[PDB]
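Overview (structure and organization)
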Amino acid sequence: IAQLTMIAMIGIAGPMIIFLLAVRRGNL
Amino acid sequence: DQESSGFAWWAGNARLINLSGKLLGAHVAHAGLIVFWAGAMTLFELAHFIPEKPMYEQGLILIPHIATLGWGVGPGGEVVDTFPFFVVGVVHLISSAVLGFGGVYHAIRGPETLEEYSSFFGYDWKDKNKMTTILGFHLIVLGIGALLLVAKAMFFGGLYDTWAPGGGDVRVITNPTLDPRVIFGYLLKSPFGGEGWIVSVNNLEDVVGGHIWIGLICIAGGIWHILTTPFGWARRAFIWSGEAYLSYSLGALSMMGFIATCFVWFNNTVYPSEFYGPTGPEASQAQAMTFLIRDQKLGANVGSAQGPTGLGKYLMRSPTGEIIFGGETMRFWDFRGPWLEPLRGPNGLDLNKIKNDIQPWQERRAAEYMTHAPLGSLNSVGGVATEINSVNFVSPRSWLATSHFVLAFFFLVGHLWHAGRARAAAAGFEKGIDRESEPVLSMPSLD
Amino acid sequence: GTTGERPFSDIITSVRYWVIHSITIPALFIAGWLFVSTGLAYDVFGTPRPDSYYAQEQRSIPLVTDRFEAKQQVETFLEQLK
Amino acid sequence: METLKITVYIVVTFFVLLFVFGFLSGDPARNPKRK
Amino acid sequence: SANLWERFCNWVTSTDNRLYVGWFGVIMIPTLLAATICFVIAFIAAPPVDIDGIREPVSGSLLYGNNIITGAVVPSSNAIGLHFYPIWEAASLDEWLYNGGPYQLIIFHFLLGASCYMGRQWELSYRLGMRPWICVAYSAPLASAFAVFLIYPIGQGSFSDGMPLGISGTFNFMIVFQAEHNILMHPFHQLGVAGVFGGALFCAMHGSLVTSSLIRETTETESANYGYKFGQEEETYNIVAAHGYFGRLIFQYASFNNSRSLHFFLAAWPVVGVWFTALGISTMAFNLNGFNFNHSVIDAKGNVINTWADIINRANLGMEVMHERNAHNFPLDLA
Amino acid sequence: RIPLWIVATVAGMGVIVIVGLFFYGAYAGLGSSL
Amino acid sequence: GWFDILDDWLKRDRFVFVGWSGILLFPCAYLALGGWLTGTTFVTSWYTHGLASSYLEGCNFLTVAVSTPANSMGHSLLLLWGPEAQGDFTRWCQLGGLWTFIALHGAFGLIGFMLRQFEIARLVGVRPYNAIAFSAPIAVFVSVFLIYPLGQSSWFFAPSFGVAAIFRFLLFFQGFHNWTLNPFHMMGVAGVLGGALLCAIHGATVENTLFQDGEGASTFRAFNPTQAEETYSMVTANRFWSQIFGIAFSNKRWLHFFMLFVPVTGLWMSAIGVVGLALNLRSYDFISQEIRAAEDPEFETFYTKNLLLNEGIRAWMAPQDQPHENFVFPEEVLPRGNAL
Amino acid sequence: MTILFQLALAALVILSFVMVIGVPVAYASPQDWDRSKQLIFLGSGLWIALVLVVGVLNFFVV
Amino acid sequence: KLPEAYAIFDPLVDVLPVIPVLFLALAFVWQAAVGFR
Ligand code: CLA
Ligand code: CLA
Ligand code: CLA
Ligand code: CLA
Ligand code: CLA
Ligand code: CLA
Ligand SMILES: CC1=C(/C=C/C(C)=C/C=C/C(C)=C/C=C/C=C(C)/C=C/C=C(C)/C=C/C2=C(C)CCCC2(C)C)C(C)(C)CCC1
Ligand SMILES: CC1=C(/C=C/C(C)=C/C=C/C(C)=C/C=C/C=C(C)/C=C/C=C(C)/C=C/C2=C(C)CCCC2(C)C)C(C)(C)CCC1
Ligand SMILES: CC1=C(\C=C/C(C)=C/C=C/C(C)=C/C=C/C=C(C)/C=C/C=C(C)/C=C/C2=C(C)CCCC2(C)C)C(C)(C)CCC1
Ligand SMILES: [Ca+2]
Ligand SMILES: [Cl-]
Ligand SMILES: [Fe+2]
């Protein structure tokens, strides 16, 4: 019915795996 | 390690020209994207796939590819078991994770260069021996792949043959054309009307047979390159650099992209009209058939019927005398198809078979393909640009052909771009004319 | 290369901005939304609702045929339940 | 008419041979500097 | 003789020729000469051509009642389709001229030559030590000729459906195209006019800005052009005063100050736009046409509420319904 | 201080969402054909 | 003096330069763009063209438009407070009052804008060749959106502000005016097409004849914003085109004026043609051709073919394109080829 | 078995989600990937088994 | 359609194809974060 729940998570996942890197500061 | 003091951001990937390790990561992560799509899309297609409904009416381009290899289909392209579709999809999608792993790994963890962490895998662009050797490796890998098809067809099940004697059905090819005169003959064929070059292949024997030749030839050349170096002329002709090699393969793909476009648009054999749509000519041929069939049932003598121009409403002659369909369909008199052939005689369309050998399955076949011509809009509205919204449809033959022409072209542009740079990079002025030693200023005035 | 105005980069980055605009920007959005969803827009611009292009039986178009008595003629077009 | 076909074919072969044997004759060399 | 062939290659490749006959030139020059000579003779004296293969000859030459605007070289017959039709494939020239023989001879020779012309635009650049990619810009107008003369006929299945070699004939190609494909409603075409409009725009932009910001070196009654000498060291215009003006016309950061970033944009925009318009014709050669919004918006009962898209469709039908009068025998136009 | 790259990527997705909403409406609203 | 103080403020170097011109520009320019964006989403064209023209009705970015007023209106200015609308706003929208709104406002905005060019140039102390150039776009807007309908029956036949609504304007001129056959139009495209060539060819010429002023491959950074030497080899550029094309520039000052001349001149020629179409003084036919075509039923050119296309466009389009005429064309009177 | 299948299959999804985000930030920040070389290995190993579980277990549900 | 069991995951597979595009996008997120070097 509303698989927009999926996209959302997998969509913010991308910037997350580099945001966490902006926190742990390294290798960008 | 690499930043602005190498290339610009928008040319970022060019900073990896001399970073074998990381440059391998790209290729392994990239190859994952291709496997990922293939996998994820197949499942996407299957998830929407409706068995009791034509594939071309469902926007499929991957499931019909599996169908051709004789998988999940039967008589007349009837879908029997959707499990093979599910398998091919899920296995790929899994393999994408494995490839993606290595890709990511080699790009941000593993050695940034290979030359030292392993001299076997490490390479030098100017190393004509390593280059011909790595080329030799892939030339074998592709060679075995060519035989993987031969195997599926001759042993592991067969392929979908539309030309099947009893009517389109999965058939095991146990007699591949191995005659070189016939095989390589296709290469010597014209690319214009009638003689159709490579796209003119019309039976699975040649397809399977040809692949046997390619499979062997490829591996043969694969071994040759492992145990050799480029000759003399071969070295004094080409440019030896990372970009140059790229350009060579770019123009190569471009050429193959154009060939593929004509294949999916014209060929009937390796692109079954049962899974894909009817080919362009096939569709126009069907309309002439349909209305020749109708009006004849109304008591019309098609053989002697005179059209507005006085040329022949239903039947006319080709420039070489053959009896063909009339109307604007005179341009497609080169069409060959399972449904239409039984009506053809030694001089083209036989007036007697036309008069009383028309089969019902042919009539509704003509009607089907007629009403499913590869005509449509971008927003997927089947028909002529003046049609009304109702039928949501665009032939897969149309999608594939257009998409791959765009790609093929731009790759020809990419070729010129990377080939032009490599020549200037080599000679060494790809970054501007030397203010001091300006070449033109040393040449006599032509004025 | 500079003028009096406060450099956009700083403002779009300032927490104060978002503290403001997390309220303001969605507000305008919800307002415009209500403007349509409440059907007000239909009346502000005399735009026909899906059930207001023709009369039930009528299949003719309410074309304005004279300039000066146009306004009056238009009103007459709304009369026949159009 | 069958003659014209031969002549043209010969003609076209000529230029085409000139083209292939042209870039083959060490074309990367022909340039200002590095060669 | 240092070696005849060696000298030959040195002469061909020579940068001291008035016109650079390149290696691509060895193919270009003969092909372009055959194309042009055949064209000129055809355009003037060629007899009527049965373009639609329906025994209905269309005269397009001057001597046969045409003027510059109407005259054209008529595409090969629809009876030939995509078949290769050289002179030696005809029982006679009379037959060859009747079936639109010249057309193929021209388009094939032109496209070949026009391709090598692109190939030569690299070669000379290589021989002169300048950067390539000039040929890459020329790839855009060439890809259009290709789309219009070759790709569309291949897709549609006949060279008779390729764009004619003439003014009014070009108009026919368009009008009909619009009917069969609704090209105005196609993104790739729209990108094309955008590049073309933008191009002329930017051409006027750059042109004006530069010529308006010229450093004074001329008299009041002397041509402002003479204030420049061929082979200058320094610039002839104040690019910093140019940027100052245009920067104030809109706003600073929306103005170029980098001449190299400027001229790249000047080159990128039209080339990319035309590239899409060429891909548009090449895409609609396989009948992937423009947006079809016919009878889209309908009222609550089901009545069809017309849009401008519908008014466009009416114009399109008229083209469709009237084009190629006597060529159609059946309801659907699938060719 | 909110990092610029975050501001863009959030406003970026935000545009794709609203614009994607428009494309959905092309198959559902009054602009449909059904 | 308050004037010089008013002047002082206006001509102050801001982020967005205002100026005296701004007093005319910004108000109109905003109302024009705003009026369009408004009508584009909200106002209908039902009572005027029998058309849906807004997002609210279901139109998309291509099919939306601010349609022209009714043919009944004539050339009325359609003021909000005019005899038609009578101060009413809703009626005003429904009578296509927003069209004359956008048109007249945008017209003054184009005036203000060129004035801005003139004013800013004067201040910066640069030549006003940017204002001279902008005259071509003015002529077009004036000739097409004002002069043309002023020659016709009403504003109704002016181009309606919208994507698709412009496409019909093209097809109309083809069907009715045979606009492509007009010498002035041909000069038009030659300039635009030739101008889009100059744009392309010059940029590419420059980018690929550059000197090396840096050690990086991305040669963009390697440019000196403070004049000095020529960033690209004009001399090399000359010899190049002289050998591939046979002709080549050799005077940057002329090359750039030429880039001004070509597209500006073209737009101006196309304007003149449109001014002629207002009185319907079109370039429709060639008398010598028609006379032979009448006597001789076997004479056929690509010119004759096109006219038949026009006949079809007119016949099939007129009914729904000119509602005010109450056109009724029986199926049998509709010109048609065979089968289709 | 059915639920047992939906367990393994669903868990395979969340693990992958964790893995897809995990491996990147792992190799990236050199604060370890030696203690995470333990974490990653267990995830990779587990992943494969899960796939093989869902694999065989598939022919039992559908 | 998807085999009866996996039907629960039908909505999930509906989005999967678009994922590759995101990677092309992600590369831009990264460059923005690293301030376009
Ligand atoms: C096998 C294919 C292939 C490969 C390996 C390369 C590899 C390379 N190219 Mg390249 N190229 C190719 C094909 C290829 N190209 C083709 C077909 C073209 C023709 C268009 C080009 C045109 C081209 C140019 C013009 C340049 C390169 C450059 C480069 C180098 C730097 C990479 C770079 O700039 O990344 C940066 C990548 C990007 C900025 C991404 C661009 C995004 C594209 C344009 C948009 C694609 C549209 C997309 C489908 C729509 C998605 C929707 C969206 C909303 C998500 C690198 C060696 C550069 C260089 O240094 O030259 C040596 C350079 O200037 N290439
Ligand atoms: C096919 C797409 C593709 C691929 C495979 C690569 C690959 C690469 N690029 Mg690249 N690039 C691309 C497109 C791509 N690029 C495009 C389109 C642009 C234009 C915007 C660029 C612009 C660019 C620049 C400007 C640079 C690179 C560089 C690099 C290399 C080092 C990456 C790096 O700095 O790690 C940094 C890694 C991170 C910050 C973390 C990112 C998270 C990872 C990588 C993604 C995870 C994937 C997935 C979600 C996880 C799955 C896990 C699962 C298997 C368990 C690497 C080989 C650099 C280089 O030259 O190397 C020295 C460099 O400077 N690229
Ligand atoms: C290139 C190969 C290819 C081909 C032939 C197809 C073909 C098809 N796909 Mg498909 N797809 C592809 C790649 C391809 N896809 C990829 C890579 C993805 C992953 C994102 C998808 C994801 C996908 C989904 C999710 C769906 C399809 C569907 C379909 C079918 C309907 C087509 C449709 O409505 O599209 C219309 C699409 C368009 C009109 C968009 C065109 C976009 C163009 C290329 C942009 C060009 C602009 C240019 C790049 C700008 C750059 C310039 C700049 C640098 C200056 C059709 C059979 C649908 C289906 O099966 O339902 C029946 C469906 O639901 N596909
Ligand atoms: C394009 C493919 C490719 C290539 C050329 C390499 C190359 C390399 N990898 Mg590597 N890798 C890849 C894909 C690839 N990898 C993938 C997909 C993954 C994810 C699983 C990894 C994960 C990985 C890790 C974790 C490590 C490497 C390492 C290395 C380096 C040491 C060699 C090694 O480990 O081999 C040793 C193994 C062999 C020589 C034999 C392997 C044979 C396998 C088991 C069979 C493969 C079958 C194949 C698919 C079919 C081919 C047969 C066909 C011709 C009939 C070397 C540069 C190491 C490194 O960085 O050290 C410098 C390291 O630690 N790789
Ligand atoms: C795609 C795979 C591939 C690639 C990239 C290469 C690459 C190369 N091979 Mg090679 N090779 C391959 C597969 C491959 N090989 C296979 C499968 C075999 C087994 C048959 C061979 C057997 C082989 C031999 C025996 C030799 C090479 C040589 C070479 C090198 C020089 C090639 C050259 O100068 O051609 C340039 C080609 C020409 C100048 C001739 C142009 C005329 C062409 C053929 C006709 C026109 C093409 C036309 C446009 C296409 C129409 C199709 C046609 C049928 C009508 C080069 C590194 C040479 C070398 O240096 O040895 C190490 C060499 O002597 N190859
Ligand atoms: C300075 C900027 C400017 C300019 C030049 C215009 C110009 C125009 N607007 Mg406009 N407008 C503007 C700003 C501007 N607008 C702004 C900011 C708004 C938002 C409030 C509007 C809102 C707006 C609407 C809503 C409408 C217009 C309309 C019009 C047009 C007709 C108006 C008219 O008859 O003028 C009248 C001219 C004057 C009043 C000037 C008089 C100046 C003299 C010197 C003063 C004398 C007064 C004195 C009492 C006279 C004594 C004489 C005695 C015998 C009584 C015209 C093209 C109409 C339109 O487009 O119709 C289609 C329309 O309906 N405008
Ligand atoms: C979950 C899951 C999965 C998947 C996974 C994956 C594969 C993921 C990926 C993901 C991703 C991969 C994501 C990404 C994303 C991205 C994005 C989302 C981006 C965005 C971007 C943007 C927004 C931009 C912005 C900008 C602009 C606009 C301007 C310029 C600047 C910048 C660039 C900043 C699986 C299969 C396991 C299964 C199911 C579950
Ligand atoms: C009428 C009128 C008026 C006016 C008003 C106004 C002025 C309004 C305004 C309004 C406005 C001012 C509006 C706006 C709007 C806008 C919009 C609505 C936009 C949209 C956009 C978009 C949608 C985008 C898209 C895109 C692009 C284009 C780029 C690429 C990408 C993207 C997709 C992002 C007045 C009252 C005075 C008076 C009366 C009359
Ligand atoms: C280097 C680099 C890059 C790239 C990256 C990449 C390209 C990656 C890839 C990645 C990948 C390539 C990944 C993959 C993944 C996959 C996966 C993760 C899988 C999954 C699977 C699963 C999960 C299973 C199962 C299933 C089934 C069987 C059915 C139901 C549903 C499901 C899906 C559950 C970028 C540009 C970003 C940036 C720079 C650096
Ligand atoms: Ca679903
Ligand atoms: Cl015609
Ligand atoms: Fe310039």
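Residues numbered from 1 in each chain as written, not as in the entry; some residues may be left out. Chains lettered and ligands numbered in written order. Part of a larger assembly, values for the part shown. Heavy atoms only, no water. Residues with missing side-chain atoms left out of burial classes, pairs and counts.

Method of determination, as given in the entry header: X-ray crystallography; reported resolution: 5.700 Å.

Moving on, we get to the site of ligand 1. Ligand 1 sits among 15 residues. The nearest are B:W10, B:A11, B:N13, B:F410 and B:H418. Bordering ligand 1 are residues originating from chains B and I. B:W10 is positioned with one of its backbone polar atoms (N or O) 2.7 Å from an oxygen atom of ligand 1. Here a nitrogen atom of ligand 1 and a side-chain polar atom of B:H418 are 3.1 Å apart. Elements represented by at least two residues in the shell around ligand 1 include exactly α8 (242–266) and α12 (396–427) of chain B together with α2 (19–33) of chain I. Sort the elements by how many residues they give to the shell around ligand 1 and α12(B) lands first, with six residues. The residue makeup of the shell around ligand 1, split by class, is ten nonpolar, three polar and two charged. (Near = heavy atom within 4 Å. Polar contact = N/O pair within 3.5 Å; in protein donor to acceptor, adjacent residues only side chain to side chain. Helix = DSSP H or I, 4+ residues; strand = E, 2+ residues; numbered from the N terminus. Nonpolar A, V, L, I, M, F, W, Y, C, P; charged D, E, K, R; others polar.)

All right, on to the UniProt feature "transmembrane region" in chain B then. Residues and elements named next belong to chain B. As annotated by UniProt and renumbered to match this structure, "transmembrane region" occupies residues 35–57, 98–119, 142–164, 219–239, 255–275 and 411–435. Secondary structure within residues 35–57 divides into 61% helix and 0% strand; the distance between the first and last C-alpha atoms comes to 25 Å. Here residues 98–119 runs as 50% helix and 0% strand, with 25 Å between its end C-alpha atoms. (UniProt positions renumbered as here; feature names shortened; annotations may be inferred.)

This part covers empty space enclosed by the protein. Vacant regions in the atomic arrangement are exposed by a probe of water-molecule size rolled over the atoms. There is about 320 Å³ of room inside the largest cavity. Lining the largest cavity we find 24 residues, and of these E:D161, E:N172, E:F173, E:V176 and E:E324 sit closest to its centre. Only α7 (167–181) of chain E together with α13 (302–321) of chain G provide two or more residues apiece to the lining of the largest cavity. Take the lining of the largest cavity: its biggest share by element is five residues, from α7(E). For the lining of the largest cavity, the class distribution of residues is twelve nonpolar, four polar and eight charged. (1 Å grid on protein atoms, 1.4 Å probe; cavity = no way out; pocket = protein on both sides within 12 Å on 5 of 7 lines; lining within 4 Å. Points joined across faces, edges and corners; volume = space filled by probe spheres on them.)

Quick look at the environment of E:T31 now. All names here are of chain E. If you trace the backbone, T31 turns up in helix α2 (residues 25–45). Sequence separation of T31 and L97 is 66 residues, and the distance between their C-alpha atoms is 20 Å. The residues touching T31, leaving out its near neighbours within four places in the chain, are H109, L112 and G113. In this structure the side chain of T31 is engaged in a polar contact, spanning 2.7 Å, whose partner is the backbone oxygen of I27. Polar side-chain contacts of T31 include one of 2.6 Å to the backbone oxygen of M28. (Contact = heavy atoms within 4.5 Å.)

On to the packing of aromatic side chains, then. Summed over all chains, the structure comprises 96 aromatic pairs over all chains. Where G:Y148 meets G:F173, the ring centres are 4.8 Å apart and the plane angle is 45°; that geometry is what we call tilted. In this pair, G:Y148 is assigned in helix α7 (residues 135–151) and G:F173 in helix α8 (residues 163–177), connecting sequence segments 25 residues apart. A residue is classified by how much of its surface remains accessible, and G:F173, at 3% relative accessible area, is buried. Taken together, the aromatic side chains of G:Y148, G:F156, G:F157, G:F169, G:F172, G:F173, G:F176 and G:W179 make up a single cluster linked through ring pairs. Lying across the ring of B:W71, B:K152 places its NZ or CZ 5.1 Å from the centre. Positioned over the ring face of E:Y126 is B:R423, at 4.9 Å from the centre of the ring. (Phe/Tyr/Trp six-rings, centres within 6.5 Å; stacked < 30°, edge-to-face > 60°. Buried < 20%, exposed > 50% of the residue type's maximum accessible area, 1.4 Å probe, protein only. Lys NZ or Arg CZ within 6 Å of the ring centre and 35° of its normal.)

Residue and element names in this part refer to chain B. Split by domain assignment, chain B resolves into domain 1 (1–277 + 374–447) and domain 2 (278–373). For domain 1 and domain 2, the distance between their C-alpha centres works out to 37 Å. The contact between domain 1 and domain 2 buries some 1200 Å² in all, and 56% of this surface belongs to carbon and sulfur atoms. Area buried by domain 1 at its contact with domain 2 is led by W163, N268 and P374, which between them contribute 34% of it. Between the two partners, domain 1 and domain 2, sit zero salt bridges. Run the count over domain 1 and domain 2 and you get eight residue pairs in polar contact. (Domains from an automatic or database assignment. Buried area = accessible area lost by both parts, 1.4 Å probe. Salt bridge = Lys/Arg side-chain N within 4 Å of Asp/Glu carboxyl O.)

All right, on to the site of ligand 3 then. Close to ligand 3 lie 15 residues, the nearest being B:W37, B:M41, B:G59, B:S403 and I:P17. Residues lining ligand 3 come from chains B, E and I. Taking B:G59, its main chain carries an N or O atom lying 3.3 Å from an oxygen atom of ligand 3. Elements with a minimum of two residues in the shell around ligand 3: α1 (20–48) and α12 of chain B.

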